[PDB]
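Enquirer: Got a structure for you, questions after.
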Amino acid sequence: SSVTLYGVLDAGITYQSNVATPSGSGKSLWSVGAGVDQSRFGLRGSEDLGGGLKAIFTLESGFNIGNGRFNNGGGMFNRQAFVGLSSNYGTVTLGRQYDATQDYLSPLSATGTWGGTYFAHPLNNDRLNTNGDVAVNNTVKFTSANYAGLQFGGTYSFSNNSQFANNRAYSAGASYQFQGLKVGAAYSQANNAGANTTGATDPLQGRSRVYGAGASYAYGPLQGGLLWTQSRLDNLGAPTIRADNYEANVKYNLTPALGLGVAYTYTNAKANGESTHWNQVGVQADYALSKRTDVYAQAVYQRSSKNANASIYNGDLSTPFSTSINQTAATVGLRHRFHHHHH
Amino acid sequence: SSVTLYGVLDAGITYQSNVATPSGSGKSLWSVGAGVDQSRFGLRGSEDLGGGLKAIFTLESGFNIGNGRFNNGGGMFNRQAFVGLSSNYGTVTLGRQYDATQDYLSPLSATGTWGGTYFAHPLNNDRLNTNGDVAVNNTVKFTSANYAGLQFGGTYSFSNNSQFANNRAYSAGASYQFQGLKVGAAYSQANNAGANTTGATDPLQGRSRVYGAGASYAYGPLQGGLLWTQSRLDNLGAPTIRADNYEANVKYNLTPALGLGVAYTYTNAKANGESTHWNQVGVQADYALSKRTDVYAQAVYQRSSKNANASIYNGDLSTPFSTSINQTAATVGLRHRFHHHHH
Amino acid sequence: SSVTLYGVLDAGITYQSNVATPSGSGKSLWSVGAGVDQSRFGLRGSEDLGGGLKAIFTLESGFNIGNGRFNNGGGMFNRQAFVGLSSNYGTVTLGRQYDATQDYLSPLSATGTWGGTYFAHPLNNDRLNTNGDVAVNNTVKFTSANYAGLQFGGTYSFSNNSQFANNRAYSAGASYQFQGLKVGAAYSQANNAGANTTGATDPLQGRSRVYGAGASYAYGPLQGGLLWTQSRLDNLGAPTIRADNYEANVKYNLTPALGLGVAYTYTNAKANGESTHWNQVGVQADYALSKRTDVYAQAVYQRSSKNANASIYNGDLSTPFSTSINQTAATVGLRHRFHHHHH
Ligand code: NA
Ligand code: NA
């Protein structure tokens with residue numbers, strides 16, 4: 001009954017204050033690339049099948065505007081590719097999909113809403129930002145109907161190989177919404193993530209987990225929230241690694257076309273009796289020229305503990321860290337969304 | 001005069017009863033992936049050029065809904081990419097194309113019609129199923145006009161390198177149709193298939209051939225057919241390998257929305273005086289929720305000779321065989337087709 | 001305010017008279033592939049933002065019709081991927097873009113207009129033809145407004161890594177147009193081109209430069225031009241290489257549907273006190289069956305100095321040279337353009 005072509009183009013100039021060079025000294029990194037959202041194009045549709053029943057699909061491909069290449073592991077529909085049925089009693093979808101972490105926790109974070117890439121937590125450790133390979137393959141997802149503001153669901157992501165536990169995943173989450181208040185909680189687990197090309201997580205072991213909970217509130221021109229997440233690697237005789245992230249964010253619309261957002265995140269990682277931590281704060285001014293086009297300017301600052309180095313997530317996990325405990329990232333950019341409904 | 005965007009999304013849950021693990025024991029394989037048809041999207045068009053003359057093109061890309069990646073060798077338009085001219089005296093098309101085996105024999109098989117992937121013959125040995133890299137590169141194809149139900153044509157697929165015979169192919173076939181009766185025969189040959197990146201067959205030698213003939217009949221709610229194919233590798237001092245496939249299939253529409261199909265295939269492979277064989281039978285129930293959406297359920301069973309192992313084709317030739325002479329594949333899935341004509 | 005889907009399909013049969021085989025003897029190369037233009041599909045749009053201000057984008061992907069694969073380095077939007085703002089005072093665009101060489105010199109060449117691939121200069125040495133990886137990544141481009149027929153602009157292409165000069169590029173050019181007269185000049189420089197995956201030029205060092213100038217004139221059914229370009233590799237203790245290209249071209253419309261073009265190019269390359277040269281002449285007959293479809297036939301002939309070998313550019317830099325000082329390339333082909341404006 002409807003097939004929509006859509007996309008988002010986001011390009012900006014970014015300065016990063018200190019990025020290690022091969023000579024070991026720190027220099028600034030200048031780049032052109034996605035500032036807030038990862039660029040993408042997609043096809044989505046829904047067919048009315050009568051009785052509240054609908055067939056739905058989404059095919060969504062992320063790419064780097066700087067070089068035209070696929071990212072998120074490099075496949076065609078590297079963000080989402082799924083088909084399913086929606087009814088009054090819930091939705092079941094099959095394919096490559098984001099999991100409950102993304103459905104129920106990301107909307108409570110700056111990186112998952114107005115902030116995007118550079119507001120991600122260190123190394124995107126809790127998989128909240130999707131400018132990065134965070135979708136899961138071979139996924140069956142159930143999403144409940146809305147029960148008076150309560151929604152819940154989960155995923156199982158098959159290994160697609162004769163070893164059932166070798167690169168699979170699952171998750172569960174729930175949200176509660178009421179007149180501007182949003183609460184969410186989620187739990188996700190992977191076994192042998194990235195261990196092969198058939199399973200749930202693309203290459204790049206043991207057990208990896210993300211869980212968290214938070215809440216946000218919106219009224220008028222003001223919105224804000226709090227969010228806790230933990231990412232954990234265990235069952236490796238390597239020592240367990242765990243990272244906790246504590247974020248507060250607020251966004252205020254000065255005018256209907258000018259939003260300013262501020263976010264702060266404290267991250268604390270522990271392994272084998274030792275601990276490192278990062279403090280990150282960012283501010284973003286975003287100006288809408290139309291419903292489809294906005295220009296933005298932002299600056300993010302991160303300081304690590306003295307036994308560690310700073311690195312603001314820029315969409316590329318291979319980016320070398322700062323040589324110091326400090327890094328600044330400042331971006332000016334342009335974002336354009338397009339949309340065709342095929343009447 | 002018309003450009004159409006289209007696609008097919010097919011996702012299902014498959015159980016395969018016995019697939020070898022690295023430890024050598026057989027375990028079940030559970031997977032999410034294409035059940036019947038390979039998922040694909042495409043662009044096709046035809047321009048009226050006057051006098052019965054038309055310009056036509058098809059750009060068609062297959063992909064795995066489970067992980068969003070291209071398959072069929074991994075290129076962009078990995079199923080078909082061609083442009084050509086159609087007239088009252090026949091059609092000439094240029095590009096990456098299926099050959100006469102696919103045009104004239106596949107419609108007589110369950111795997112090429114209602115059955116799809118898991119109804120393919122062992123290892124897709126006769127290239128009848130297109131959930132697999134069976135298109136040929138660099139192809140010039142002629143298709144005749146309809147001469148009172150007779151159609152014929154063929155292909156030559158260039159090596160695109162200074163060695164004219166190093167990775168090239170050609171084929172020829174013909175069909176006869178009359179009021180529900182269909183007859184087809186075809187012959188295809190490749191030399192040094194997959195020996196380079198420029199030629200007709202993608203990587204993954206000597207002379208490889210497929211030929212076959214069959215017939216089918218449709219009237220009312222009932223359709224069925226018989227088909228013989230042989231695949232042959234020779235001119236290798238390695239010993240010639242040949243495989244013969246004998247298939248019978250029948251499909252019956254219980255209701256206008258519920259089809260049940262049954263297929264049986266006997267396959268016999270011979271090499272260096274020794275012989276192996278497979279018996280395969282499958283049943284599929286397919287229920288149309290609309291013209292665009294259907295849900296299906298099927299079960300396939302294969303038994304090999306005692307000097308061999310069972311393996312039901314699942315779209316992935318790297319899938320390990322069963323550790324026994326038996327394998328069962330059962331699938332429940334969802335298929336959705338979309339279409340936009342751009343009025 | 002508008003999003004357009006578009007594409008060009010170009011397929012032809014090419015004979016090349018002498019291409020080296022591994023045995024060292026020269027044989028003819030027969031191929032199916034792009035004759036004139038590289039096949040491509042794309043999405044482009046522009047939104048009216050009021051006051052002469054517009055948001056624009058182009059996403060353009062080149063591919064080989066012969067095998068369905070991406071070319072131009074193999075990424076998704078491997079020809080152009082950019083977003084930007086256009087105003088009365090000029091245009092700024094960000095992403096993967098052609099540089100000033102392509103904007104201001106290519107329109108004065110046969111290879112950049114009616115001639116295409118096989119009219120390129122030896123090894124596409126001056127990057128004038130786009131059936132080849134000539135776009136630059138991470139590019140900021142400014143294009144001025146038209147000042148009474150004068151247009152100018154330039155590019156800077158970031159390295160996107162902490163070494164600012166390690167795989168970056170920039171360019172500048174200008175044109176002057178008046179009633180069929182066109183003049184252009186351009187200059188482009190890259191440092192450490194292809195040295196990494198983050199920078200301006202895709203893999204496949206020191207300083208590489210292209211510059212040139214030319215003019216063309218069109219009136220009625222007749223058009224022609226002259227163009228000089230130089231490509232230079234220096235700062236390598238390897239010896240500097242430089243190549244100068246001198247081209248004359250003319251195209252005449254016999255009828256409104258039949259164009260004949262002739263081009264001649266002399267190329268002279270010098271390195272370490274030695275010199276090689278090539279003479280190339282080509283003729284193309286192009287017949288429009290409609291505004292969207294044309295069939296063409298052409299022949300190109302190249303003779304090299306006796307200390308070198310002939311090689312007519314065919315879109316593939318890995319193609320081996322002729323074993324002699326001579327090579328002929330003859331092509332017959334079909335080109336079809338499509339277009340949908342989404343009203
Ligand atoms: Na209309
Ligand atoms: Na459309």
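Chain lettering (A, B, ...) mirrors the order of the structure tokens, residue numbering begins at 1 for each chain separately, and ligand numbering begins at 1 in order of display.
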Give me the chain A side of the contact with ligand 1, cut-off 12 Å, one line per residue showing its nearest atom pair and distance in Å at one decimal, counting only C-alpha atoms and all ligand atoms, sorted by chain and residue number, as JSON lines.
Expert:
{"residue": "A:341", "atom": "CA", "partner": "ligand 1", "partner_atom_place_in_ligand_line": "1 (Na)", "distance": 11.4}
{"residue": "A:342", "atom": "CA", "partner": "ligand 1", "partner_atom_place_in_ligand_line": "1 (Na)", "distance": 8.8}
{"residue": "A:343", "atom": "CA", "partner": "ligand 1", "partner_atom_place_in_ligand_line": "1 (Na)", "distance": 6.7}
Enquirer: For those residues, write N, CA, C and O atoms to a file as a PDB file, in the first residue's frame.
Expert:
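As written to disk, result-v3.pdb reads:
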ATOM      1  N   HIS A 341       7.383   9.240  -1.372  1.00  0.00           N
ATOM      2  CA  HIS A 341       6.338   8.324  -0.931  1.00  0.00           C
ATOM      3  C   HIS A 341       5.696   7.522  -2.053  1.00  0.00           C
ATOM      4  O   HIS A 341       4.965   6.571  -1.763  1.00  0.00           O
ATOM      5  N   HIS A 342       5.934   7.879  -3.316  1.00  0.00           N
ATOM      6  CA  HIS A 342       5.439   7.111  -4.462  1.00  0.00           C
ATOM      7  C   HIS A 342       3.915   6.966  -4.416  1.00  0.00           C
ATOM      8  O   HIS A 342       3.363   5.879  -4.216  1.00  0.00           O
ATOM      9  N   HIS A 343       3.244   8.096  -4.615  1.00  0.00           N
ATOM     10  CA  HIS A 343       1.784   8.124  -4.594  1.00  0.00           C
ATOM     11  C   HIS A 343       1.180   7.368  -5.779  1.00  0.00           C
ATOM     12  O   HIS A 343       1.693   7.430  -6.899  1.00  0.00           O
TER      13      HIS A 343
END
Enquirer: So which residues are near ligand 2, meaning at most 12 Å away with only C-alpha atoms and all ligand atoms counted, given back as a count of residues only?
Expert: 39
Enquirer: Show me, as JSON, numbers by chain, the residues of chain C whose atoms get within 9 Å of chain B, using only C-alpha atoms for the distance check.
Expert: {"C": [9, 10, 11, 12, 13, 16, 18, 19, 20, 21, 22, 26, 27, 28, 29, 30, 31, 32, 33, 63, 64, 65, 66, 67, 68, 69, 70, 76, 289, 290, 292, 293, 319, 320, 334, 335, 336, 338, 339, 340, 342]}
Enquirer: Please run DSSP on the backbone and report, as a list in words, all residues within segment 78-288 of chain A that come out as helix (DSSP H, G or I).
Expert: residues 100, 101, 102, 103, 104, 105, 106, 107, 108, 117, 118, 119, 122, 123 and 124 of chain A
Enquirer: Please dump the current selection as a CSV table (one decimal), in the first residue's frame; keep C-alpha atoms.
Expert:
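Output file selection_22.csv is given in full below:
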chain,number,residue,atom,x,y,z
A,100,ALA,CA,16.7,-4.1,22.3
A,101,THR,CA,19.6,-1.9,23.4
A,102,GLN,CA,19.0,0.3,20.4
A,103,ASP,CA,15.2,0.2,20.6
A,104,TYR,CA,14.9,1.1,24.3
A,105,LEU,CA,18.1,2.7,25.5
A,106,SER,CA,19.5,4.7,22.6
A,107,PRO,CA,16.5,7.2,22.5
A,108,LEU,CA,17.5,8.2,26.1
A,117,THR,CA,28.5,10.3,16.5
A,118,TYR,CA,30.8,12.4,18.7
A,119,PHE,CA,28.5,12.2,21.7
A,122,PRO,CA,34.2,5.9,24.7
A,123,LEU,CA,34.8,3.4,21.8
A,124,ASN,CA,31.0,3.3,21.5
Enquirer: Would you list the contacts of residue 149 of chain B as a ChimeraX atom specification, taking every protein, DNA or RNA residue within 7 Å and counting only C-alpha atoms, but skipping same-chain residues closer than 3 positions in sequence?
Expert: /B:146,176-178
Enquirer: Residues of the last selection are to be written out with N, CA, C and O atoms, as a JSON list (two decimals), in the first residue's frame.
Expert:
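Produced file out_5.json, reproduced below:
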[["chain", "number", "residue", "atom", "x", "y", "z"],
["B", 146, "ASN", "N", 8.20, -15.10, -30.96],
["B", 146, "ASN", "CA", 7.36, -16.28, -30.83],
["B", 146, "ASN", "C", 6.86, -16.69, -32.21],
["B", 146, "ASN", "O", 6.13, -15.94, -32.86],
["B", 176, "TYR", "N", 8.67, -24.82, -26.49],
["B", 176, "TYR", "CA", 7.41, -24.89, -27.22],
["B", 176, "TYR", "C", 6.26, -24.85, -26.22],
["B", 176, "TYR", "O", 6.24, -25.65, -25.28],
["B", 177, "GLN", "N", 5.32, -23.93, -26.43],
["B", 177, "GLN", "CA", 4.21, -23.71, -25.50],
["B", 177, "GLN", "C", 2.90, -23.76, -26.26],
["B", 177, "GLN", "O", 2.79, -23.22, -27.37],
["B", 178, "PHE", "N", 1.89, -24.39, -25.66],
["B", 178, "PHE", "CA", 0.56, -24.47, -26.26],
["B", 178, "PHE", "C", -0.42, -24.81, -25.15],
["B", 178, "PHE", "O", -0.39, -25.93, -24.64]]
Enquirer: Quick one: residues within 8 Å of segment 186-191 of chain B, only C-alpha atoms counted, chain neighbours fewer than 4 positions away excluded, as a list in words?
Expert: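 Listing them by chain and then by number gives residues 99, 100, 101, 104, 105, 165, 166, 167, 168, 169, 170, 171, 172, 173, 174, 205, 206, 207, 208, 209, 210, 211, 212 and 213 of chain B.
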Enquirer: May I have the residues from that selection written out with N, CA, C and O atoms, as a tab-separated table (two decimals), in the first residue's frame?
Expert:
chain	number	residue	atom	x	y	z
B	99	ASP	N	21.70	-17.78	-18.62
B	99	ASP	CA	21.87	-18.38	-19.94
B	99	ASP	C	20.68	-19.28	-20.28
B	99	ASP	O	19.70	-19.36	-19.54
B	100	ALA	N	20.80	-20.02	-21.39
B	100	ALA	CA	19.67	-20.78	-21.92
B	100	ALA	C	19.18	-21.85	-20.95
B	100	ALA	O	17.99	-22.20	-20.96
B	101	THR	N	20.08	-22.41	-20.13
B	101	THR	CA	19.67	-23.32	-19.06
B	101	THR	C	18.61	-22.67	-18.18
B	101	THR	O	17.61	-23.31	-17.81
B	104	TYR	N	15.10	-21.81	-20.34
B	104	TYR	CA	14.29	-22.86	-20.96
B	104	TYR	C	14.14	-24.12	-20.11
B	104	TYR	O	13.17	-24.86	-20.33
B	105	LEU	N	15.02	-24.37	-19.15
B	105	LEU	CA	14.90	-25.55	-18.29
B	105	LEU	C	14.39	-25.21	-16.89
B	105	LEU	O	13.51	-25.91	-16.39
B	165	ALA	N	39.57	-18.25	-25.16
B	165	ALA	CA	38.88	-19.40	-24.57
B	165	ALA	C	39.04	-19.49	-23.06
B	165	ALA	O	38.50	-20.41	-22.45
B	166	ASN	N	39.76	-18.55	-22.45
B	166	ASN	CA	40.09	-18.62	-21.03
B	166	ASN	C	39.02	-17.92	-20.20
B	166	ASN	O	39.09	-16.72	-19.94
B	167	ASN	N	38.03	-18.71	-19.74
B	167	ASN	CA	36.85	-18.30	-18.97
B	167	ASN	C	35.81	-17.63	-19.85
B	167	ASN	O	35.53	-16.44	-19.72
B	168	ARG	N	35.23	-18.41	-20.76
B	168	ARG	CA	34.13	-17.97	-21.59
B	168	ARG	C	33.03	-19.03	-21.52
B	168	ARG	O	33.22	-20.11	-20.95
B	169	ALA	N	31.88	-18.72	-22.11
B	169	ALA	CA	30.74	-19.63	-22.08
B	169	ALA	C	29.83	-19.35	-23.26
B	169	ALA	O	29.92	-18.29	-23.90
B	170	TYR	N	28.96	-20.30	-23.55
B	170	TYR	CA	27.90	-20.09	-24.52
B	170	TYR	C	26.79	-21.08	-24.22
B	170	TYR	O	26.97	-22.01	-23.43
B	171	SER	N	25.64	-20.86	-24.84
B	171	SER	CA	24.49	-21.72	-24.59
B	171	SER	C	23.49	-21.56	-25.71
B	171	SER	O	23.56	-20.62	-26.51
B	172	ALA	N	22.55	-22.51	-25.77
B	172	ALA	CA	21.44	-22.45	-26.70
B	172	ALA	C	20.28	-23.24	-26.12
B	172	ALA	O	20.47	-24.22	-25.40
B	173	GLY	N	19.07	-22.81	-26.44
B	173	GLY	CA	17.90	-23.50	-25.94
B	173	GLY	C	16.69	-23.14	-26.77
B	173	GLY	O	16.72	-22.21	-27.59
B	174	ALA	N	15.62	-23.89	-26.54
B	174	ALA	CA	14.36	-23.67	-27.24
B	174	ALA	C	13.22	-24.16	-26.37
B	174	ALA	O	13.39	-25.06	-25.55
B	205	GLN	N	41.64	-25.83	-14.96
B	205	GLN	CA	40.23	-26.22	-15.03
B	205	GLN	C	40.00	-27.07	-16.30
B	205	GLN	O	40.65	-28.11	-16.47
B	206	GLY	N	39.12	-26.62	-17.17
B	206	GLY	CA	38.67	-27.42	-18.29
B	206	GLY	C	37.25	-27.03	-18.67
B	206	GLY	O	36.86	-25.87	-18.56
B	207	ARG	N	36.49	-28.02	-19.12
B	207	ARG	CA	35.21	-27.79	-19.78
B	207	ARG	C	34.05	-28.24	-18.90
B	207	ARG	O	34.01	-29.40	-18.46
B	208	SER	N	33.10	-27.34	-18.66
B	208	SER	CA	31.91	-27.62	-17.86
B	208	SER	C	30.66	-27.45	-18.71
B	208	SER	O	30.54	-26.47	-19.45
B	209	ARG	N	29.74	-28.40	-18.61
B	209	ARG	CA	28.56	-28.39	-19.46
B	209	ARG	C	27.31	-28.75	-18.66
B	209	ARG	O	27.36	-29.56	-17.73
B	210	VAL	N	26.20	-28.14	-19.05
B	210	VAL	CA	24.87	-28.50	-18.56
B	210	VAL	C	23.97	-28.63	-19.78
B	210	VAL	O	24.00	-27.77	-20.67
B	211	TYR	N	23.19	-29.70	-19.83
B	211	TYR	CA	22.15	-29.80	-20.84
B	211	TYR	C	20.99	-30.57	-20.25
B	211	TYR	O	21.12	-31.22	-19.21
B	212	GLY	N	19.84	-30.47	-20.90
B	212	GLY	CA	18.66	-31.10	-20.34
B	212	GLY	C	17.45	-30.86	-21.21
B	212	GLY	O	17.50	-30.11	-22.19
B	213	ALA	N	16.36	-31.50	-20.82
B	213	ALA	CA	15.10	-31.38	-21.53
B	213	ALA	C	13.98	-31.83	-20.61
B	213	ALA	O	14.19	-32.66	-19.72
Enquirer: As number ranges by chain, please: all residues of segment 36-277 of chain B that backbone DSSP puts in strand (DSSP E).
Expert: B: 40-48, 54-62, 80-87, 90-97, 136-143, 150-157, 168-178, 181-191, 207-219, 222-234, 241-255, 258-271, 274-277
Enquirer: Using only C-alpha atoms, please write the residues we just selected to a file, as a compact mmCIF listing (two decimals), in the first residue's frame.
Expert:
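Generated output (result_20.txt):
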# COMPACT_ATOMS: atom_id res chain seq x y z
CA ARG B 40 16.60 -9.01 -4.47
CA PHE B 41 15.85 -5.49 -5.61
CA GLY B 42 15.96 -4.17 -9.13
CA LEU B 43 15.32 -1.53 -11.76
CA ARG B 44 13.83 -2.41 -15.14
CA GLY B 45 12.56 -0.36 -18.04
CA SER B 46 11.47 -0.35 -21.64
CA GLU B 47 11.26 2.59 -24.07
CA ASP B 48 9.04 2.54 -27.15
CA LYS B 54 11.95 -1.16 -27.87
CA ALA B 55 14.96 -0.40 -25.68
CA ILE B 56 15.00 -2.55 -22.54
CA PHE B 57 17.17 -2.93 -19.46
CA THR B 58 17.23 -4.82 -16.17
CA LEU B 59 19.49 -4.11 -13.19
CA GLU B 60 18.90 -6.72 -10.48
CA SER B 61 20.81 -7.21 -7.23
CA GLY B 62 20.50 -10.22 -4.96
CA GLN B 80 21.29 -9.53 -13.93
CA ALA B 81 22.65 -6.34 -15.48
CA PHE B 82 21.88 -5.86 -19.15
CA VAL B 83 20.65 -3.46 -21.82
CA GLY B 84 19.27 -4.28 -25.23
CA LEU B 85 16.86 -3.82 -28.11
CA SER B 86 13.64 -5.76 -28.67
CA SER B 87 11.95 -5.92 -32.08
CA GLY B 90 13.79 -10.97 -31.76
CA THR B 91 15.72 -9.45 -28.87
CA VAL B 92 19.45 -8.79 -28.41
CA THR B 93 20.71 -7.98 -24.91
CA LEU B 94 24.20 -7.29 -23.54
CA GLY B 95 25.60 -7.67 -20.03
CA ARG B 96 25.52 -10.09 -17.10
CA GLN B 97 22.70 -12.50 -17.85
CA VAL B 136 27.28 -15.34 -16.91
CA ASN B 137 29.30 -12.16 -17.49
CA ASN B 138 30.01 -10.37 -20.76
CA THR B 139 27.06 -12.03 -22.46
CA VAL B 140 25.45 -11.34 -25.82
CA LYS B 141 22.01 -12.99 -25.84
CA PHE B 142 19.58 -13.48 -28.73
CA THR B 143 15.96 -14.44 -28.04
CA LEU B 150 8.15 -21.87 -30.58
CA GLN B 151 10.86 -19.70 -29.01
CA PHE B 152 14.61 -20.21 -29.18
CA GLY B 153 17.84 -18.41 -28.56
CA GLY B 154 21.31 -18.50 -27.14
CA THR B 155 24.23 -16.71 -25.59
CA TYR B 156 27.91 -16.14 -26.06
CA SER B 157 29.82 -14.96 -22.98
CA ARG B 168 34.13 -17.97 -21.59
CA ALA B 169 30.74 -19.63 -22.08
CA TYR B 170 27.90 -20.09 -24.52
CA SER B 171 24.49 -21.72 -24.59
CA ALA B 172 21.44 -22.45 -26.70
CA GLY B 173 17.90 -23.50 -25.94
CA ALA B 174 14.36 -23.67 -27.24
CA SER B 175 10.83 -23.96 -25.87
CA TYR B 176 7.41 -24.89 -27.22
CA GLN B 177 4.21 -23.71 -25.50
CA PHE B 178 0.56 -24.47 -26.26
CA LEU B 181 1.78 -27.51 -22.24
CA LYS B 182 5.41 -26.40 -22.06
CA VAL B 183 8.43 -28.21 -23.51
CA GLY B 184 12.03 -27.07 -23.15
CA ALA B 185 15.56 -28.15 -24.00
CA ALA B 186 18.89 -26.41 -23.50
CA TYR B 187 22.65 -26.81 -23.74
CA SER B 188 25.36 -24.73 -22.07
CA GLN B 189 29.14 -24.96 -22.11
CA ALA B 190 31.90 -23.09 -20.27
CA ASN B 191 35.66 -23.25 -20.80
CA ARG B 207 35.21 -27.79 -19.78
CA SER B 208 31.91 -27.62 -17.86
CA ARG B 209 28.56 -28.39 -19.46
CA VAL B 210 24.87 -28.50 -18.56
CA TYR B 211 22.15 -29.80 -20.84
CA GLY B 212 18.66 -31.10 -20.34
CA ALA B 213 15.10 -31.38 -21.53
CA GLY B 214 11.68 -31.60 -19.98
CA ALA B 215 8.01 -30.80 -20.22
CA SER B 216 5.24 -29.55 -17.96
CA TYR B 217 1.47 -29.18 -18.15
CA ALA B 218 -0.92 -26.83 -16.37
CA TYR B 219 -4.72 -26.82 -16.34
CA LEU B 222 -3.15 -28.54 -11.17
CA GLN B 223 0.32 -28.31 -12.69
CA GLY B 224 3.20 -30.74 -13.00
CA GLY B 225 6.24 -31.66 -15.02
CA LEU B 226 9.22 -33.89 -15.69
CA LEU B 227 12.78 -32.72 -16.24
CA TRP B 228 16.13 -34.31 -16.99
CA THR B 229 19.44 -32.46 -16.72
CA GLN B 230 23.07 -33.49 -16.89
CA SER B 231 26.04 -31.51 -15.59
CA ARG B 232 29.47 -32.59 -16.76
CA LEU B 233 33.09 -31.62 -16.05
CA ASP B 234 35.60 -33.00 -18.57
CA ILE B 241 32.74 -36.07 -13.47
CA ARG B 242 29.11 -36.21 -14.56
CA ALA B 243 25.81 -35.91 -12.71
CA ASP B 244 22.34 -36.73 -14.06
CA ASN B 245 19.21 -35.32 -12.42
CA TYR B 246 15.69 -36.70 -12.95
CA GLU B 247 12.88 -34.65 -11.43
CA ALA B 248 9.11 -34.92 -11.23
CA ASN B 249 7.03 -32.15 -9.65
CA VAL B 250 3.35 -31.36 -9.12
CA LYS B 251 1.57 -28.37 -7.58
CA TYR B 252 -2.11 -28.20 -6.66
CA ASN B 253 -4.09 -25.13 -5.57
CA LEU B 254 -6.41 -26.32 -2.80
CA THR B 255 -7.92 -22.83 -2.73
CA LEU B 258 -3.31 -22.18 -0.78
CA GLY B 259 -0.90 -24.11 -3.01
CA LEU B 260 0.69 -27.44 -2.14
CA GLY B 261 3.63 -28.67 -4.17
CA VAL B 262 5.53 -31.95 -4.13
CA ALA B 263 8.79 -32.64 -5.93
CA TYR B 264 11.03 -35.67 -6.21
CA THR B 265 14.53 -35.76 -7.69
CA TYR B 266 16.94 -38.63 -8.28
CA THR B 267 20.56 -37.59 -8.85
CA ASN B 268 23.35 -39.94 -9.94
CA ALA B 269 26.97 -38.78 -10.13
CA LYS B 270 29.73 -40.84 -11.71
CA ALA B 271 33.50 -40.37 -11.69
CA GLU B 274 32.49 -45.07 -9.10
CA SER B 275 28.96 -43.82 -8.54
CA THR B 276 27.02 -41.94 -5.87
CA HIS B 277 23.34 -41.08 -5.83
Enquirer: Counting only C-alpha atoms, what is within 9 Å of residue 325 of chain A, bar same-chain residues fewer than 4 positions away, as a PyMOL selection string?
Expert: chain A and resi 278+302-311
Enquirer: Using Å and a single decimal, report how far atom CA of residue 327 of chain A sits from atom CA of residue 14 of chain A.
Expert: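 Computing the Euclidean distance for atom CA of residue 14 of chain A and atom CA of residue 327 of chain A yields 12.6 Å.
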Enquirer: Go ahead and compute the interatomic distance for atom CA of residue 314 of chain B and atom CA of residue 132 of chain B, in Å to one decimal.
Expert: 9.5 Å
